[PDB]
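Enquirer: Could you work out the structure for the sequence below:
(8 chains)
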Amino acid sequence: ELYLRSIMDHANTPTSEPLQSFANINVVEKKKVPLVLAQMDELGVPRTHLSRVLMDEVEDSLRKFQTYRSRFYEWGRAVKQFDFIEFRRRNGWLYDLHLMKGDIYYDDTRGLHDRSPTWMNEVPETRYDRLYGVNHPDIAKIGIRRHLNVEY
Amino acid sequence: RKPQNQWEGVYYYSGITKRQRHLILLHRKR
Amino acid sequence: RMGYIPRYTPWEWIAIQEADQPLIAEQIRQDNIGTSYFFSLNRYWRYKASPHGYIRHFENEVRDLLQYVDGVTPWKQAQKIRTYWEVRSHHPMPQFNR
Amino acid sequence: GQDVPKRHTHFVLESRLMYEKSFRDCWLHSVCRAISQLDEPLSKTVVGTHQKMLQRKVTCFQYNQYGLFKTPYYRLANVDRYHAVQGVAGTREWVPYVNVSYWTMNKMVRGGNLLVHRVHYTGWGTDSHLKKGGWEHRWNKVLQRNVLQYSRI
Amino acid sequence: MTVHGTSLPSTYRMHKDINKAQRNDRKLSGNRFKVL
Amino acid sequence: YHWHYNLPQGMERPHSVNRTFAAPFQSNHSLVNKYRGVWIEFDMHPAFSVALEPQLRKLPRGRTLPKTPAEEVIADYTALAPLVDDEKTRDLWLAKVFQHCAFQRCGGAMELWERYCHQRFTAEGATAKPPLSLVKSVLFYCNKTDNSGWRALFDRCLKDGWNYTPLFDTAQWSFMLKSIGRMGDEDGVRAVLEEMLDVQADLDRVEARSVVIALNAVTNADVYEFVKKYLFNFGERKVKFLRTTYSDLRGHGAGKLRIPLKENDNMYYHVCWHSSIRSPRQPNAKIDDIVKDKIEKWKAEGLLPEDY
Amino acid sequence: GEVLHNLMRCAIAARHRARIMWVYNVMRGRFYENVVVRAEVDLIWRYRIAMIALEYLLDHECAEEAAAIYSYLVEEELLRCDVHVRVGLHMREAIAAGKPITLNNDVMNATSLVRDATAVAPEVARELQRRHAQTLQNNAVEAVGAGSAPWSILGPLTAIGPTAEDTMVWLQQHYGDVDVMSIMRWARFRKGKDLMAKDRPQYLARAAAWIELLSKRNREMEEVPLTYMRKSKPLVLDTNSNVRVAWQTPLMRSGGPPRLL
RNA sequence: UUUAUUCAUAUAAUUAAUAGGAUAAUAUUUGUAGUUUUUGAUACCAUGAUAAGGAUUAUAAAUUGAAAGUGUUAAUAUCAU
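Expert: Numbers count the residues shown, from 1 in each chain, chains lettered A, B, ... in the order given. Have a look at this structure:
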């Protein structure tokens, strides 16, 4: 009771460092609720021995953050996504937050070019294609052909 | 093709109706 | 700055991307009883432990198939199917060495 | 336009239905063939006349299935989805990963839809197994990754 | 039906029905003579 | 147009859509685990349950319906119940007898109401208040056998009376409206539908075959104007399902009902009109004064001549 | 009820306390299975499951789980339910005879269970007083380290009067947070064997242990004397942050001035 | 003389559109809303390939390795509103 009420008090706490720029941040701590309940199933603490108000908040956080394997196979169908879009379009004035309104530590003088032969291993295909007329006086430096430099 | 957003979550139902919240408030009052 | 792109996604954006998607309840994988040695592979047919891959993993399905084949098929139909040498016996020279 | 004529869409959809019928029928056809074509006894329990009667009954069951997919996979595994050009699997007229013909692969290379890296046309690319032993060695390496690394149970 | 609110056969029927007057009214009989 | 591969592939902006819009769960399919029936709330004390256990065995318990005939159940209550000296035990016993006679459709079980409960609950200003388990069972009984005794009991459940209507189930109103449409009470349809509207019941989750039967029995002109204003209280998903249900129950699927519907065309066309509306597209004295002086003018002008 | 009863019996046979609380928690149910599905466990089966679970948890000294199950039996008012089953069996026999039946206080008091518990109750009170006196003497011995301390001079239990009514008074005023008579009625049988008629000191030890487990006041009066934690202040000349000047009681150091708070 | 492909002469195959189901506070529901459904513009544009001739750099014996970039004429040819 005390731990889940501390979780619900921290999750409903508004923050002021992002100044609510996108959404409420602390709601993700309700994601801790499906973990700790499972710990209760290991601790022998019955979840039916919780008060009705805390059980309402726990079922709120459970339907916000919990899914099963059988729902996870069907929750991304386009029918349900487009029903979500249509339900936001028709009555979104009822459910919307805005519509209410070497080793470096022993390195000091680094040894460069230590005769490691790059010709024993094979990297021969290093071909590159440069645009025609880099130093040509008749071909202009600025042009739409500069867009040919970014194409792979 | 137009790209789909990979940082947009999948649309899923997480919430209750106005009637269910009203019935919860009514039962808790009782 | 004029063109600053961060190479680390900020903590607020990670928190928003975490707070929008739910959890899978079977990721907790807690276990305290043990394994059901008799029932868990013999549960109801819609949610059953379906075998995969080779035919050696299909023990019950081969048994049910053989039982169904013996159930539906009469023997008076299965008498008529003959092998190759039973047909070749009517040839005037059926047998010779290769 | 528009994408491809609808007769080719019907042809690709019939190929997909043939694949689905293969997934439907392959286990049943393989069990029926492996029972009916066995001369050794199936078990200690079923021997002699019971085994021959069971083989004749499963042969009667196997022949009675009108529409059982016994067609091999490589007979119609060269169907292209974007264009109507028919290639041959095993030659250079077909690419296996994106599963299109050489013409469609060249159009999707020149269109920029794919992310493919060009390499020299007489080398072996970059894969160390492919430079080592060729197509057969990468074939055996895919076999070793898929199956043979697991201790079967 | 979700994004556009209708389907393509109903779209073709609506397109045929919105411009019925300026598609065909008469057969335009008669003969035009040269006046200069 | 695209993102270049040498650019840093960071996330541009996070999207909080499921926390801005909290959507309730809505599927087109109904719930597979719902009871789909009228619950009685058998709340017997755990001493009479052991005592009446051979008698409660042949009675319907939770999600169990025994095949005992109702003439044996009424004979068990007629003999054994005056032996039990407890008022709430006999009332909850008769709630299971009324429920058992409803499922088997025995029309003679209303004499048990006049025998035991009528003189102390519904006769000449009775001050006693019946249990909710008893009124739910007799109203489920009178609706299942199409008994006319629902009307005196339903008028007792109002706010001046027993005030049992806020405790009614959505399936209680579903079996209610199906019986009144079968009997054809125009005032009984209006008095129930006014009560469901006042009590704030789940109007969208009433059974659709129950609504279209109760709406089919509306023929009187004053109650027909009530149905016009009342039909806006349903949702848009509901009112498009009432049209498909009304067209099927009068068309090919008319065999689903035990008694066939009567031909009410004025309610069929209005439901079909109202469902298309909710769906998207795809001074007599002064005027008569003016008429008389004009005819006066035309006779003086000669436009209306006399006999020639 | 029978499937959950056999599940609870499997949990007793496997000695799995967390699975006992799991079977009890799925017996209690939620809003979905009870109201939407309308598939809930009957009261007799709920009493049987909670009773065998409470019996095992009290037999193996699990205080919190037995306290939760006892709070469930208090909340559901199932403390006198075994008497109700006995009275119901008698009333079923009487209504098979043809006699009228009722439920009163003297109908419940006429059963052999309540009479036997009321007859035994002075022995239970004497066993509880003897066990608490031995516990207090062991606490006073272990407070010094073995001689006796002044801890066991005057304990929180008073002497029992020489009356069975005084026995009921003493059990109601020293163990009144729990229902003593219901606990003594539950502790009577053990695996079908009637302990109250056959093994008397075993039944007295079992009932005394169950009363001492379920009572919170017995848990608060049987506490070991702890040492006195003294307060402290930081040093004036700060040498360490862990070294502090301790507050000393005038019992420890005699003399000096009388101090403030 | 037999066969892999080629060629001859016999052929089968035909149409259109969605629909969410256990652990979710209650809609029983899906041969239902579709009928005159889509597969219908191969042309005379000014493309591009072929062959041919030019100049610059090595003043080192080291390096696994002294090799790389820049300009003009003839004939053939041109089917996308």
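Enquirer: From now on I want contacts and neighbour counts done on CA atoms only, so please keep to that.
Expert: Will do.
Enquirer: Flag every residue of chain D that's near chain C.
Expert: Contact residues, chain D versus chain C (C-alpha under 8 Å from any C-alpha of the partner chain): D:27, D:31, D:53, D:54, D:56, D:57, D:58, D:59, D:60, D:61.
Enquirer: Determine which two of those are furthest apart.
Expert: D:27 and D:53 (21.8 Å; C-alpha to C-alpha).
Enquirer: Just want the most central residue of chain A.
Expert: Chain A has residue A:28 as the residue nearest its centroid, 12.5 Å off, counting by C-alpha atoms, centre = their mean.
Enquirer: Tell me which helix or strand the residue of chain D found nearest chain B sits in.
Expert: The nearest approach of chain D to chain B comes at residue D:113, 9.0 Å away (C-alpha to the nearest C-alpha). Using DSSP states H and E, residue D:113 maps to neither a helix nor a strand.
Enquirer: Stretch C:31-41: end-to-end distance?
Expert: Length of stretch C:31-41, first residue to last, C-alpha to C-alpha, to the nearest Å: 17 Å.
Enquirer: I meant to write stretch A:36-49 there.
Expert: Note: stretch A:36-49 ends 15 Å apart using C-alpha to C-alpha.
Enquirer: who in chain A is up against chain D?
Expert: residue A:125.
Enquirer: which stretches of chain A form helices?
Expert: With DSSP state H, the ranges of helices along chain A come out as A:2-11, A:33-43, A:52-64, A:69-72, A:78-90.
Enquirer: Figure out which of those helices is closest to residue G:142.
Expert: helix A:33-43 (32.3 Å).
Enquirer: ok, back up a step: so of the residues of chain D next to chain C, which ones are in helices?
Expert: D:27, D:31, D:53, D:54, D:56, D:57, D:58, D:59, D:60, D:61.
Enquirer: Now render these as JSON lines, adding neighbour count.
Expert: Below are these laid out as JSON lines (neighbours: other C-alpha atoms under 10 Å in any protein chain shown):
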{"residue": "D:27", "neighbour count": "15"}
{"residue": "D:31", "neighbour count": "16"}
{"residue": "D:53", "neighbour count": "16"}
{"residue": "D:54", "neighbour count": "21"}
{"residue": "D:56", "neighbour count": "23"}
{"residue": "D:57", "neighbour count": "26"}
{"residue": "D:58", "neighbour count": "24"}
{"residue": "D:59", "neighbour count": "20"}
{"residue": "D:60", "neighbour count": "22"}
{"residue": "D:61", "neighbour count": "19"}
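Enquirer: out of the residues you listed, which one sits closest to residue B:25?
Expert: Among those, and counting by C-alpha to C-alpha, the member closest to residue B:25 is residue D:27, at 56.8 Å.
Enquirer: Now the spatially most central residue of chain B. Its backbone dihedrals?
Expert: In chain B, the residue lying closest to the centroid (C-alpha atoms, centre = their mean) is residue B:15, at 2.4 Å. Per-residue torsions, residue B:15: phi 170, psi 170 (degrees, to the nearest 10).
Enquirer: and chain B, which residues reach RNA strand H?
Expert: Residues of chain B lying near RNA strand H by C-alpha under 7 Å from any atom of the strand: B:12, B:13, B:14, B:17, B:20, B:23, B:24, B:27.
Enquirer: Sort out which of the residues you listed are in helices and list them.
Expert: B:20, B:23, B:24, B:27.
Enquirer: residues contacting the closest residue in space to residue F:19 that isn't next to it in sequence?
Expert: Nearest non-adjacent residue to residue F:19, counting by C-alpha to C-alpha, 6 or more residues apart in numbering or on different chains: residue C:20, 6.1 Å away. Applying C-alpha atoms under 8 Å, 6 or more residues apart in numbering or on different chains, we find residue C:20 in contact with B:9, F:15, F:16, F:17, F:18, F:19.
Enquirer: Dump these to TSV, plus secondary structure.
Expert: Shown next, in TSV, are the contacts of residue C:20 (DSSP: H, G, I helix; E, B strand; the rest coil):
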residue	secondary structure
B:9	coil
F:15	coil
F:16	coil
F:17	coil
F:18	coil
F:19	coil
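Enquirer: Adding distance to residue F:167 and neighbour count as columns, could you present those in TSV?
Expert: What follows is the contacts of residue C:20, written out as TSV (distance: C-alpha to C-alpha, whole Å; neighbours: other C-alpha atoms under 10 Å in any protein chain shown):
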residue	distance to residue F:167	neighbour count
B:9	41	18
F:15	43	18
F:16	40	22
F:17	38	18
F:18	35	23
F:19	34	20
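Enquirer: how about those residues in a markdown table, adding distance to residue G:155?
Expert: Putting these into a markdown table (distance: C-alpha to C-alpha, whole Å) gives the following:
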| residue | distance to residue G:155 |
| --- | --- |
| B:9 | 66 |
| F:15 | 67 |
| F:16 | 64 |
| F:17 | 65 |
| F:18 | 62 |
| F:19 | 60 |
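Enquirer: In these, find the pair that's most separated.
Expert: Longest span within those, C-alpha to C-alpha: B:9 and F:19, 10.4 Å.
Enquirer: sorry, back to before: name only those of the residues of chain B next to RNA strand H that count as buried.
Expert: B:12, B:13, B:14 (16 or more other C-alpha atoms under 10 Å in any protein chain shown).
Enquirer: Isn't residue A:68 up against residue C:28?
Expert: No: Residue A:68 is beyond contact range of residue C:28, at 11.2 Å (criterion: C-alpha atoms under 8 Å).
Enquirer: number of nearby residues for residue 89?
Expert: Chain wasn't specified; assuming chain A. Neighbour count for residue A:89, taken as other C-alpha atoms under 10 Å in any protein chain shown: 10.
Enquirer: wait, I meant chain G there
Expert: When neighbours are defined as other C-alpha under 10 Å, residue G:89 has 19 of them.
Enquirer: got the contact list for it?
Expert: F:50, F:51.
Enquirer: what comes up buried for the strand or helix carrying it?
Expert: According to DSSP H and E, residue G:89 maps onto helix G:81-97. For helix G:81-97, burial by neighbour count (16+ other C-alpha under 10 Å) applies to G:81-92, G:95.
Enquirer: Now residue G:189: closest residue in space, sequence neighbours ignored.
Expert: Using C-alpha to C-alpha, 6+ apart and skipping residues adjacent in sequence, the residue nearest residue G:189 is residue G:195, 5.7 Å away.
Enquirer: er, residue F:37 actually
Expert: residue F:171 (6.0 Å).
Enquirer: I'd assumed residue F:35 was in contact with the one you found.
Expert: No: between residue F:171 and residue F:35 there is no contact under C-alpha under 8 Å: 9.5 Å.
Enquirer: Compare neighbour counts for those two and give me the winner.
Expert: More neighbours surround residue F:171 than the other of residue F:171 and residue F:35, with 19 against 16 (other C-alpha under 10 Å).
Enquirer: you'd agree that one is in a helix?
Expert: Yes: counting by three-state DSSP, residue F:171 is found in a helix.
Enquirer: need the contact list for it.
Expert: Going by C-alpha under 8 Å, 6+ apart, residue F:171 touches F:36, F:37, F:38, F:206, F:207.
Enquirer: Could you give the number of residues near residue 80?
Expert: All of this refers to chain A. For residue A:80, the neighbour count with other C-alpha under 10 Å is 18.
Enquirer: Please refer instead to chain D.
Expert: 19.
Enquirer: Over to residue F:31?
Expert: By other C-alpha under 10 Å, neighbour count at residue F:31 equals 11.
Enquirer: Now, the buried ones among the residues of chain B next to RNA strand H that are in strands?
Expert: Among those, DSSP state E puts none in strands.
Enquirer: closest to residue F:215 among those residues?
Expert: Of these, the one sitting nearest to residue F:215 (C-alpha to C-alpha) turns out to be residue B:13, at 33.9 Å.
Enquirer: Spell out which residues sit in contact with the closest one, please.
Expert: Taking C-alpha under 8 Å, 6+ apart, one finds A:84, F:18, F:22, F:23, F:24, F:25, F:26 in contact with residue B:13.
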